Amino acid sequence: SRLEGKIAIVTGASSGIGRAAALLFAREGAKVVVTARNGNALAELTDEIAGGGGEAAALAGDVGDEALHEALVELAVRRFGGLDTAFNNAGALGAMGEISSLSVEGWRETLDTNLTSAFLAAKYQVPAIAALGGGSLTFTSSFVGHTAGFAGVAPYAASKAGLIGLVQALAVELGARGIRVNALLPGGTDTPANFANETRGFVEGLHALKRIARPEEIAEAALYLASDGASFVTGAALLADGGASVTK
């Protein structure tokens, strides 16, 4: 029960990290509000949470929409009575390709899904969290655009790096109200988002640990940042990347 008593939003819940996090947080005593575009995946997820003994509510929607973010928090407060924490984990690789071939349409979709989503998440989540008197927001960034670049990925890397800026700003803006704000930066994790999913070997070799994370290991880092154990952690870009940052 490392999150006992907490009420959490998890976005990007329908697979890999988000899914493992919603499941873990619920196991550990948090009441979870989940979201993703794929209602069918959400239903398999909320099913699995129920009958593990946990409570979860879902809302299907596009994480780029302002009205989803508002509704999502309204839900948390309706169903469970308030909101303690949010794991803003939605994002996608988006459109990839050599810089000069990319469309501005593709650039804006990627930034909308990965970075505008986080602004809107903050915009609605912060009042409800400030109401319980604290205390946390975590955003899934990436080592990509923070400690490494790759060919073909400029929109994703810019969107992920932007989350670090948003985190530093919010952490200072909300610190006095007792809301911590951190970025979580996975390395290669075993999900459809991973280039691997001879690629597998190449990807594992990127990490000092010489393997790819299970999604549950990234959820555990998200669980830490949402826990009371992280009461003095804010404005941080926590690398849970198996050493990928420091491996060449």
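In case it trips you up, residue 1 is the first one in the sequence shown, and so on.
Colleague: Between residue 197 and residue 198, what class does the number of missing deposited residues fall in: none, 1 to 3, 4 to 9, or 10 or more?
Modeller: 4 to 9 residues lack coordinates between residue 197 and residue 198.
Colleague: Pick between 176 to 184 and 38 to 46: the one whose mean CA B-factor in the entry is higher.
Modeller: Mean B over CA atoms: larger for 38 to 46.
Colleague: Would you mind comparing 219 to 227 and 61 to 69 for me and telling me which has the higher average C-alpha temperature factor in the entry?
Modeller: That would be 61 to 69.
Colleague: Kindly indicate the residue among 163, 153, 76, 171 with the greatest C-alpha B-factor in the PDB record.
Modeller: Going by the entry's C-alpha B-factors, 76 comes out highest.
Colleague: Among the modelled residues of this chain, does the Cα B factor of residue 133 put it in the lowest, middle or highest third?
Modeller: Highest third, going by the recorded CA B-factors of the chain.
Colleague: Would you please rank residue 115 by its C-alpha temperature factor against the other modelled residues of its chain and give the third it falls in: lowest, middle or highest?
Modeller: Lowest third, going by the recorded CA B-factors of the chain.
Colleague: By the record's CA B-factor, is residue 244 among the lowest, middle or highest third of residues in the chain?
Modeller: Its C-alpha B-factor, which the entry lists for residue 244, ranks in the lowest third among residues of this chain.
Colleague: Considering every modelled residue of the chain and its Cα B-factor in the PDB entry, is residue 24 in the lowest, middle or highest third?
Modeller: Middle third of the chain for residue 24's C-alpha B-factor.
Colleague: Could you place residue 142 in the lowest, middle or highest third of its chain by Cα temperature factor, using the values in the record?
Modeller: Lowest third - that is where residue 142 ends up once the chain's C-alpha B-factors are sorted.
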